[PDB]
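The structure file start_15.cif is reproduced below (mmCIF, N, CA, C and O atoms).
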data_model
loop_
_atom_site.label_atom_id
_atom_site.label_comp_id
_atom_site.auth_asym_id
_atom_site.auth_seq_id
_atom_site.Cartn_x
_atom_site.Cartn_y
_atom_site.Cartn_z
N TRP A 436 -6.70 7.98 -23.75
CA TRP A 436 -6.70 9.02 -24.76
C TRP A 436 -5.40 9.81 -24.65
O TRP A 436 -4.66 9.70 -23.67
N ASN A 437 -5.13 10.62 -25.67
CA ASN A 437 -3.88 11.37 -25.71
C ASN A 437 -3.96 12.63 -24.86
O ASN A 437 -4.92 13.40 -24.93
N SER A 438 -2.96 12.81 -24.00
CA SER A 438 -2.70 14.07 -23.32
C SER A 438 -1.61 14.88 -24.01
O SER A 438 -1.23 15.94 -23.51
N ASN A 439 -1.09 14.39 -25.14
CA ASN A 439 0.03 15.04 -25.82
C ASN A 439 -0.29 16.48 -26.20
O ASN A 439 0.59 17.35 -26.15
N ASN A 440 -1.53 16.76 -26.59
CA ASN A 440 -1.89 18.09 -27.04
C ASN A 440 -2.20 19.05 -25.89
O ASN A 440 -2.46 20.23 -26.15
N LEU A 441 -2.19 18.58 -24.65
CA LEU A 441 -2.49 19.45 -23.51
C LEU A 441 -1.39 19.33 -22.46
O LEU A 441 -0.70 20.32 -22.16
N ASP A 442 -1.23 18.14 -21.89
CA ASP A 442 -0.26 17.94 -20.82
C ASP A 442 1.16 18.24 -21.29
O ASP A 442 1.96 18.84 -20.56
N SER A 443 1.50 17.81 -22.50
CA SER A 443 2.80 18.15 -23.07
C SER A 443 2.84 19.64 -23.40
O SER A 443 1.91 20.19 -23.98
N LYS A 444 3.94 20.28 -23.02
CA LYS A 444 4.10 21.71 -23.23
C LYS A 444 5.29 22.01 -24.12
O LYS A 444 6.22 21.21 -24.22
N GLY A 447 9.46 19.31 -21.67
CA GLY A 447 8.03 19.12 -21.82
C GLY A 447 7.28 19.18 -20.50
O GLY A 447 7.25 20.22 -19.85
N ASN A 448 6.67 18.06 -20.11
CA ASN A 448 5.96 17.96 -18.84
C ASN A 448 6.69 16.95 -17.96
O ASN A 448 6.66 15.75 -18.22
N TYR A 449 7.35 17.45 -16.91
CA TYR A 449 8.04 16.62 -15.94
C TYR A 449 7.15 16.18 -14.79
O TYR A 449 7.55 15.32 -14.00
N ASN A 450 5.96 16.76 -14.66
CA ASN A 450 5.11 16.49 -13.51
C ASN A 450 4.41 15.15 -13.58
O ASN A 450 3.77 14.75 -12.60
N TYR A 451 4.50 14.44 -14.70
CA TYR A 451 3.94 13.10 -14.83
C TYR A 451 5.07 12.09 -14.75
O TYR A 451 5.94 12.05 -15.63
N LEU A 452 5.06 11.28 -13.70
CA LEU A 452 6.22 10.53 -13.27
C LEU A 452 5.89 9.05 -13.19
O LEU A 452 4.72 8.67 -13.06
N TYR A 453 6.92 8.22 -13.28
CA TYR A 453 6.77 6.77 -13.29
C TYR A 453 7.86 6.14 -12.43
O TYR A 453 8.86 6.77 -12.07
N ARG A 454 7.68 4.86 -12.11
CA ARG A 454 8.63 4.12 -11.29
C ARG A 454 9.54 3.31 -12.20
O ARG A 454 9.10 2.37 -12.86
N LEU A 455 10.82 3.69 -12.24
CA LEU A 455 11.78 3.01 -13.09
C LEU A 455 12.28 1.71 -12.46
O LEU A 455 12.66 0.78 -13.19
N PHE A 456 12.28 1.62 -11.14
CA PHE A 456 12.73 0.42 -10.44
C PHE A 456 11.81 0.11 -9.28
O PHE A 456 11.36 1.01 -8.56
N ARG A 457 11.55 -1.17 -9.08
CA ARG A 457 10.94 -1.65 -7.85
C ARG A 457 11.56 -2.99 -7.52
O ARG A 457 11.87 -3.79 -8.42
N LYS A 458 11.77 -3.24 -6.23
CA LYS A 458 12.37 -4.48 -5.78
C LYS A 458 11.51 -5.70 -6.08
O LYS A 458 11.99 -6.83 -5.91
N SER A 459 10.27 -5.51 -6.51
CA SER A 459 9.40 -6.60 -6.90
C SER A 459 8.38 -6.06 -7.89
O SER A 459 8.50 -4.93 -8.38
N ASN A 460 7.37 -6.87 -8.20
CA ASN A 460 6.31 -6.49 -9.11
C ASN A 460 5.03 -6.27 -8.32
O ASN A 460 4.69 -7.06 -7.43
N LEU A 461 4.32 -5.18 -8.62
CA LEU A 461 3.18 -4.77 -7.82
C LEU A 461 2.07 -5.82 -7.84
O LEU A 461 1.88 -6.54 -8.82
N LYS A 462 1.34 -5.88 -6.74
CA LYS A 462 0.09 -6.61 -6.66
C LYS A 462 -1.05 -5.72 -7.13
O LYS A 462 -0.89 -4.50 -7.23
N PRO A 463 -2.21 -6.30 -7.47
CA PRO A 463 -3.30 -5.49 -8.02
C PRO A 463 -3.66 -4.29 -7.15
O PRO A 463 -3.88 -4.42 -5.95
N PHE A 464 -3.72 -3.12 -7.80
CA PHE A 464 -4.10 -1.86 -7.16
C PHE A 464 -3.24 -1.54 -5.95
O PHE A 464 -3.69 -0.90 -5.00
N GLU A 465 -1.98 -1.98 -5.97
CA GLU A 465 -1.03 -1.68 -4.91
C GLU A 465 -0.22 -0.46 -5.32
O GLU A 465 0.55 -0.52 -6.29
N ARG A 466 -0.39 0.63 -4.60
CA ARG A 466 0.33 1.87 -4.86
C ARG A 466 1.55 1.93 -3.95
O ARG A 466 1.43 1.78 -2.73
N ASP A 467 2.72 2.16 -4.55
CA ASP A 467 3.95 2.36 -3.79
C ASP A 467 4.23 3.85 -3.77
O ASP A 467 4.65 4.42 -4.79
N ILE A 468 3.99 4.49 -2.62
CA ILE A 468 4.28 5.91 -2.45
C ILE A 468 5.60 6.14 -1.73
O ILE A 468 5.96 7.30 -1.47
N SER A 469 6.32 5.08 -1.39
CA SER A 469 7.57 5.23 -0.65
C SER A 469 8.61 5.96 -1.49
O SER A 469 8.75 5.70 -2.69
N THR A 470 9.34 6.86 -0.84
CA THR A 470 10.38 7.65 -1.48
C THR A 470 11.74 6.97 -1.45
O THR A 470 12.74 7.58 -1.82
N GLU A 471 11.79 5.72 -0.98
CA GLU A 471 13.05 5.00 -0.83
C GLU A 471 13.80 4.89 -2.15
O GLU A 471 13.23 4.53 -3.18
N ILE A 472 15.09 5.21 -2.10
CA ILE A 472 15.96 5.04 -3.25
C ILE A 472 16.07 3.56 -3.59
O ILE A 472 15.98 2.69 -2.72
N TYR A 473 16.25 3.26 -4.88
CA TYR A 473 16.53 1.90 -5.31
C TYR A 473 18.02 1.62 -5.10
O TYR A 473 18.87 2.30 -5.68
N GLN A 474 18.32 0.61 -4.29
CA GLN A 474 19.69 0.26 -3.93
C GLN A 474 20.12 -0.98 -4.71
O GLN A 474 19.62 -2.08 -4.47
N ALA A 475 21.04 -0.79 -5.65
CA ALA A 475 21.58 -1.89 -6.44
C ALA A 475 22.89 -2.44 -5.88
O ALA A 475 23.41 -3.42 -6.42
N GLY A 476 23.44 -1.83 -4.83
CA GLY A 476 24.64 -2.31 -4.20
C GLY A 476 24.38 -2.94 -2.84
O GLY A 476 23.27 -2.93 -2.31
N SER A 477 25.45 -3.51 -2.28
CA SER A 477 25.40 -4.02 -0.92
C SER A 477 25.59 -2.91 0.11
O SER A 477 25.04 -2.99 1.21
N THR A 478 26.37 -1.88 -0.23
CA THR A 478 26.59 -0.78 0.70
C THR A 478 25.29 0.01 0.87
O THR A 478 24.57 0.24 -0.10
N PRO A 479 24.98 0.44 2.09
CA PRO A 479 23.76 1.23 2.30
C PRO A 479 23.81 2.53 1.51
O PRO A 479 24.80 3.25 1.52
N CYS A 480 22.71 2.82 0.80
CA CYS A 480 22.59 4.14 0.19
C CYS A 480 22.31 5.21 1.23
O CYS A 480 22.49 6.40 0.94
N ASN A 481 21.85 4.82 2.42
CA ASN A 481 21.54 5.72 3.52
C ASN A 481 20.51 6.78 3.13
O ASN A 481 20.44 7.84 3.74
N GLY A 482 19.70 6.48 2.11
CA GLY A 482 18.77 7.45 1.57
C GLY A 482 19.33 8.35 0.49
O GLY A 482 18.55 9.05 -0.17
N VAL A 483 20.65 8.37 0.29
CA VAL A 483 21.28 9.28 -0.66
C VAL A 483 21.79 8.48 -1.86
O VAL A 483 22.15 7.31 -1.75
N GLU A 484 21.79 9.14 -3.02
CA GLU A 484 22.19 8.50 -4.26
C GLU A 484 23.70 8.30 -4.32
O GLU A 484 24.48 8.91 -3.58
N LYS B 195 -11.38 -6.28 8.32
CA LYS B 195 -10.54 -6.89 7.30
C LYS B 195 -10.63 -6.11 6.00
O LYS B 195 -11.72 -5.71 5.57
N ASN B 196 -9.47 -5.88 5.38
CA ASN B 196 -9.37 -5.18 4.11
C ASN B 196 -9.33 -6.20 2.98
O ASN B 196 -8.37 -6.98 2.88
N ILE B 197 -10.35 -6.20 2.14
CA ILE B 197 -10.40 -7.07 0.97
C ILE B 197 -11.03 -6.28 -0.16
O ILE B 197 -12.05 -5.61 0.03
N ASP B 198 -10.43 -6.36 -1.34
CA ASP B 198 -10.93 -5.70 -2.55
C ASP B 198 -11.37 -4.27 -2.24
O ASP B 198 -12.54 -3.91 -2.34
N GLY B 199 -10.40 -3.47 -1.82
CA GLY B 199 -10.66 -2.09 -1.49
C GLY B 199 -11.65 -1.88 -0.37
O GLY B 199 -12.02 -0.74 -0.10
N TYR B 200 -12.09 -2.94 0.28
CA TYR B 200 -13.11 -2.83 1.31
C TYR B 200 -12.49 -3.13 2.66
O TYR B 200 -12.19 -4.29 2.97
N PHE B 201 -12.32 -2.10 3.46
CA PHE B 201 -12.36 -2.29 4.89
C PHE B 201 -13.77 -2.71 5.26
O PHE B 201 -14.75 -2.24 4.68
N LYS B 202 -13.89 -3.63 6.21
CA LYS B 202 -15.19 -4.17 6.57
C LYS B 202 -15.34 -4.15 8.08
O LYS B 202 -14.36 -4.03 8.82
N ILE B 203 -16.59 -4.25 8.54
CA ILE B 203 -16.89 -4.26 9.96
C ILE B 203 -17.95 -5.32 10.22
O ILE B 203 -18.80 -5.60 9.37
N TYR B 204 -17.86 -5.94 11.39
CA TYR B 204 -18.88 -6.86 11.87
C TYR B 204 -18.99 -6.63 13.37
O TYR B 204 -17.98 -6.40 14.03
N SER B 205 -20.21 -6.67 13.90
CA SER B 205 -20.33 -6.29 15.29
C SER B 205 -21.50 -6.98 15.97
O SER B 205 -22.49 -7.32 15.33
N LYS B 206 -21.36 -7.15 17.28
CA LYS B 206 -22.46 -7.48 18.17
C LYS B 206 -22.31 -6.60 19.39
O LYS B 206 -21.29 -6.69 20.09
N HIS B 207 -23.30 -5.78 19.69
CA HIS B 207 -23.34 -5.11 20.98
C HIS B 207 -24.10 -6.06 21.89
O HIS B 207 -25.32 -6.19 21.77
N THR B 208 -23.38 -6.71 22.80
CA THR B 208 -23.98 -7.82 23.51
C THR B 208 -23.51 -7.91 24.95
O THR B 208 -22.32 -7.67 25.25
N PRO B 209 -24.40 -8.27 25.86
CA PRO B 209 -24.05 -8.30 27.27
C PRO B 209 -23.29 -9.56 27.63
O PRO B 209 -23.38 -10.60 26.97
N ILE B 210 -22.53 -9.46 28.73
CA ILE B 210 -21.81 -10.59 29.30
C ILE B 210 -21.78 -10.40 30.81
O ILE B 210 -22.07 -9.31 31.31
N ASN B 211 -21.48 -11.46 31.54
CA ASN B 211 -20.91 -11.31 32.88
C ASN B 211 -19.55 -12.00 32.92
O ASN B 211 -19.47 -13.22 33.10
N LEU B 212 -18.48 -11.22 32.78
CA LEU B 212 -17.14 -11.65 33.16
C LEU B 212 -16.27 -10.42 33.33
O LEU B 212 -16.40 -9.45 32.58
N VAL B 213 -15.37 -10.47 34.31
CA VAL B 213 -14.33 -9.45 34.42
C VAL B 213 -13.10 -9.77 33.57
O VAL B 213 -12.48 -8.85 33.00
N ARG B 214 -12.74 -11.05 33.45
CA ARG B 214 -11.37 -11.43 33.11
C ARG B 214 -11.07 -11.37 31.62
O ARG B 214 -10.01 -10.89 31.21
N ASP B 215 -11.98 -11.87 30.79
CA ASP B 215 -11.62 -12.22 29.41
C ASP B 215 -12.91 -12.41 28.61
O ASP B 215 -14.01 -12.13 29.09
N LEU B 216 -12.75 -12.86 27.37
CA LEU B 216 -13.85 -13.30 26.53
C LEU B 216 -14.67 -14.35 27.27
O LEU B 216 -14.12 -15.38 27.67
N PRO B 217 -15.96 -14.12 27.49
CA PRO B 217 -16.80 -15.19 28.00
C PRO B 217 -17.04 -16.23 26.93
O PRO B 217 -17.20 -15.90 25.75
N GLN B 218 -17.04 -17.49 27.33
CA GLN B 218 -17.31 -18.55 26.39
C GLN B 218 -18.75 -18.47 25.92
O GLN B 218 -19.66 -18.16 26.69
N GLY B 219 -18.96 -18.76 24.65
CA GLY B 219 -20.26 -18.64 24.02
C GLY B 219 -20.06 -18.43 22.54
O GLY B 219 -18.94 -18.29 22.05
N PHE B 220 -21.17 -18.42 21.82
CA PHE B 220 -21.08 -18.29 20.37
C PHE B 220 -22.11 -17.30 19.88
O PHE B 220 -23.31 -17.49 20.07
N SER B 221 -21.64 -16.24 19.24
CA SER B 221 -22.51 -15.26 18.60
C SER B 221 -21.92 -14.90 17.25
O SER B 221 -20.77 -14.46 17.18
N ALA B 222 -22.68 -15.11 16.19
CA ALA B 222 -22.22 -14.69 14.88
C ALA B 222 -22.20 -13.18 14.80
O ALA B 222 -22.88 -12.49 15.57
N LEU B 223 -21.41 -12.65 13.88
CA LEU B 223 -21.24 -11.20 13.74
C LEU B 223 -21.71 -10.77 12.36
O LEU B 223 -21.07 -11.08 11.35
N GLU B 224 -22.80 -10.02 12.31
CA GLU B 224 -23.29 -9.50 11.05
C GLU B 224 -22.46 -8.29 10.63
O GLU B 224 -21.85 -7.63 11.46
N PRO B 225 -22.44 -7.98 9.34
CA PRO B 225 -21.76 -6.76 8.90
C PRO B 225 -22.54 -5.52 9.27
O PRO B 225 -23.75 -5.55 9.49
N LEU B 226 -21.81 -4.42 9.36
CA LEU B 226 -22.40 -3.09 9.46
C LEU B 226 -22.10 -2.26 8.23
O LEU B 226 -23.03 -1.86 7.52
N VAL B 227 -20.82 -1.98 7.98
CA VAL B 227 -20.46 -1.13 6.80
C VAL B 227 -19.30 -1.77 6.02
O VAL B 227 -18.84 -2.86 6.42
N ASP B 228 -18.87 -1.09 4.96
CA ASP B 228 -17.75 -1.55 4.09
C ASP B 228 -17.33 -0.39 3.18
O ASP B 228 -17.82 -0.33 2.03
N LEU B 229 -16.46 0.50 3.68
CA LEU B 229 -15.98 1.67 2.90
C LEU B 229 -14.81 1.23 2.01
O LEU B 229 -13.73 0.96 2.56
N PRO B 230 -14.97 1.17 0.67
CA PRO B 230 -13.89 0.76 -0.23
C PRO B 230 -12.95 1.93 -0.54
O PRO B 230 -12.93 2.38 -1.67
N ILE B 231 -12.19 2.39 0.47
CA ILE B 231 -11.24 3.53 0.31
C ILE B 231 -9.95 3.01 -0.34
O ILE B 231 -9.21 3.84 -0.91
N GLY B 232 -9.71 1.70 -0.24
CA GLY B 232 -8.50 1.09 -0.82
C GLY B 232 -7.23 1.61 -0.16
O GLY B 232 -6.27 1.91 -0.89
N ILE B 233 -7.24 1.71 1.17
CA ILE B 233 -6.05 2.22 1.93
C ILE B 233 -5.55 1.11 2.86
O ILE B 233 -6.01 1.06 4.01
N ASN B 234 -4.64 0.27 2.37
CA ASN B 234 -4.07 -0.84 3.18
C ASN B 234 -3.55 -0.27 4.51
O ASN B 234 -2.73 0.66 4.46
N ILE B 235 -4.01 -0.82 5.64
CA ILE B 235 -3.58 -0.34 6.98
C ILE B 235 -2.82 -1.45 7.70
O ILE B 235 -3.38 -2.03 8.65
N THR B 236 -1.58 -1.73 7.27
CA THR B 236 -0.76 -2.76 7.89
C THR B 236 -0.64 -2.61 9.40
O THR B 236 -0.11 -3.52 10.04
N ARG B 237 -1.15 -1.53 9.97
CA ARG B 237 -1.04 -1.32 11.40
C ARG B 237 -2.21 -0.46 11.82
O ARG B 237 -2.86 0.18 11.00
N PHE B 238 -2.48 -0.46 13.12
CA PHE B 238 -3.60 0.36 13.56
C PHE B 238 -3.44 0.66 15.03
O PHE B 238 -2.66 0.02 15.74
N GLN B 239 -4.18 1.65 15.49
CA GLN B 239 -4.10 2.10 16.86
C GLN B 239 -5.50 2.42 17.34
O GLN B 239 -6.25 3.12 16.65
N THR B 240 -5.86 1.91 18.51
CA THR B 240 -7.12 2.33 19.08
C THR B 240 -7.01 3.75 19.61
O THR B 240 -5.94 4.36 19.61
N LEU B 241 -8.13 4.28 20.08
CA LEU B 241 -8.18 5.64 20.60
C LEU B 241 -9.03 5.62 21.85
O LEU B 241 -10.19 5.22 21.80
N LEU B 242 -8.47 6.09 22.95
CA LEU B 242 -9.06 5.82 24.24
C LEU B 242 -9.49 7.10 24.93
O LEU B 242 -9.02 8.20 24.61
#

Output the structure of this file as structure tokens.
Amino acid sequence: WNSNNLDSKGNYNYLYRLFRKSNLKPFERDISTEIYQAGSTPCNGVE
Amino acid sequence: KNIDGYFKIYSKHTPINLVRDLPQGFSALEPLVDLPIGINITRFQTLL
């Protein structure tokens, strides 16, 4: 159902995963805060 | 074992005589519980 008329005020607290190194398995939650690294050089946790 | 959100348990409280290791013998293990918390535990630690 729509949350547009309530959750939207907009609302940054509803978040999604733009990148993952693979595709999730069923009901697999990724809570890791690891940055997505597209280079060979270590991100060292920083962007 | 974690399967379909189910951690599972199987147990036998059973007597033996050995100091060293698993005594040879065969006892099936019935289930006790199965809490479907859906929390994959790739690792674990006993508590002593």

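When atom C of residue 238 (chain B) is paired with CA of residue 202 (chain B), their separation reads 15.3 Å.
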
Problem set entry | atom N of residue 207 (chain B) to atom O of residue 222 (chain B), distance in Å rounded to a single decimal |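 Going from atom N of residue 207 (chain B) over to atom O of residue 222 (chain B), I get 7.9 Å.
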
For this session: Enter the distance from atom C of residue 237 (chain B) to atom O of residue 220 (chain B), in Å, rounded to one decimal.
Result: 28.3 Å

Problem set entry | Chain and number of each residue from the PyMOL selection byres ((chain B and name CA) within 10 of (chain A and name CA)), as a ChimeraX atom specification | /B:198-199,232-234

Can you write out the residues you just picked, keeping N, CA, C and O atoms, as a CSV table (one decimal), keeping the file's coordinate frame?
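Everything below was put into again-v8.csv:
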chain,number,residue,atom,x,y,z
B,198,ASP,N,-10.4,-6.4,-1.3
B,198,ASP,CA,-10.9,-5.7,-2.6
B,198,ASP,C,-11.4,-4.3,-2.2
B,198,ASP,O,-12.5,-3.9,-2.3
B,199,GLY,N,-10.4,-3.5,-1.8
B,199,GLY,CA,-10.7,-2.1,-1.5
B,199,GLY,C,-11.6,-1.9,-0.4
B,199,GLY,O,-12.0,-0.7,-0.1
B,232,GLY,N,-9.7,1.7,-0.2
B,232,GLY,CA,-8.5,1.1,-0.8
B,232,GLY,C,-7.2,1.6,-0.2
B,232,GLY,O,-6.3,1.9,-0.9
B,233,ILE,N,-7.2,1.7,1.2
B,233,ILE,CA,-6.0,2.2,1.9
B,233,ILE,C,-5.6,1.1,2.9
B,233,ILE,O,-6.0,1.1,4.0
B,234,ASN,N,-4.6,0.3,2.4
B,234,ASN,CA,-4.1,-0.8,3.2
B,234,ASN,C,-3.6,-0.3,4.5
B,234,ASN,O,-2.7,0.7,4.5

Exercise. Quick one: DSSP strand (DSSP E) residues in chain B, as a PyMOL selection string?
Worked result: chain B and resi 196-197+200-201+204-205+224-225

Exercise. Got a sec to resolve the PyMOL selection byres (((chain B and resi 227 and name CA) around 9) and name CA) on this structure and send the residues as a ChimeraX atom specification?
Worked result: /B:201-204,225-226,228-229

The PyMOL selection byres ((chain A and resi 482) around 8) resolved against shown file, as a PDB file with N, CA, C and O atoms, in the coordinates of the input:
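Listing of selection-v9.pdb after writing:
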ATOM      1  N   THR A 470       9.340   6.860  -0.840  1.00  0.00           N
ATOM      2  CA  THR A 470      10.380   7.650  -1.480  1.00  0.00           C
ATOM      3  C   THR A 470      11.740   6.970  -1.450  1.00  0.00           C
ATOM      4  O   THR A 470      12.740   7.580  -1.820  1.00  0.00           O
ATOM      5  N   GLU A 471      11.790   5.720  -0.980  1.00  0.00           N
ATOM      6  CA  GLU A 471      13.050   5.000  -0.830  1.00  0.00           C
ATOM      7  C   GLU A 471      13.800   4.890  -2.150  1.00  0.00           C
ATOM      8  O   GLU A 471      13.230   4.530  -3.180  1.00  0.00           O
ATOM      9  N   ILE A 472      15.090   5.210  -2.100  1.00  0.00           N
ATOM     10  CA  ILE A 472      15.960   5.040  -3.250  1.00  0.00           C
ATOM     11  C   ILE A 472      16.070   3.560  -3.590  1.00  0.00           C
ATOM     12  O   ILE A 472      15.980   2.690  -2.720  1.00  0.00           O
ATOM     13  N   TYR A 473      16.250   3.260  -4.880  1.00  0.00           N
ATOM     14  CA  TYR A 473      16.530   1.900  -5.310  1.00  0.00           C
ATOM     15  C   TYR A 473      18.020   1.620  -5.100  1.00  0.00           C
ATOM     16  O   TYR A 473      18.870   2.300  -5.680  1.00  0.00           O
ATOM     17  N   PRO A 479      24.980   0.440   2.090  1.00  0.00           N
ATOM     18  CA  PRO A 479      23.760   1.230   2.300  1.00  0.00           C
ATOM     19  C   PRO A 479      23.810   2.530   1.510  1.00  0.00           C
ATOM     20  O   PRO A 479      24.800   3.250   1.520  1.00  0.00           O
ATOM     21  N   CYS A 480      22.710   2.820   0.800  1.00  0.00           N
ATOM     22  CA  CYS A 480      22.590   4.140   0.190  1.00  0.00           C
ATOM     23  C   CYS A 480      22.310   5.210   1.230  1.00  0.00           C
ATOM     24  O   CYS A 480      22.490   6.400   0.940  1.00  0.00           O
ATOM     25  N   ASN A 481      21.850   4.820   2.420  1.00  0.00           N
ATOM     26  CA  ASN A 481      21.540   5.720   3.520  1.00  0.00           C
ATOM     27  C   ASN A 481      20.510   6.780   3.130  1.00  0.00           C
ATOM     28  O   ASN A 481      20.440   7.840   3.740  1.00  0.00           O
ATOM     29  N   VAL A 483      20.650   8.370   0.290  1.00  0.00           N
ATOM     30  CA  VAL A 483      21.280   9.280  -0.660  1.00  0.00           C
ATOM     31  C   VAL A 483      21.790   8.480  -1.860  1.00  0.00           C
ATOM     32  O   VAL A 483      22.150   7.310  -1.750  1.00  0.00           O
ATOM     33  N   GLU A 484      21.790   9.140  -3.020  1.00  0.00           N
ATOM     34  CA  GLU A 484      22.190   8.500  -4.260  1.00  0.00           C
ATOM     35  C   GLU A 484      23.700   8.300  -4.320  1.00  0.00           C
ATOM     36  O   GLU A 484      24.480   8.910  -3.580  1.00  0.00           O
TER      37      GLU A 484
END

Exercise. What's the 12 Å shell around region 444-453 of chain A, counting only C-alpha atoms, without same-chain residues fewer than 5 positions away, as a PyMOL selection string?
Worked result: chain A and resi 438-439+466-468
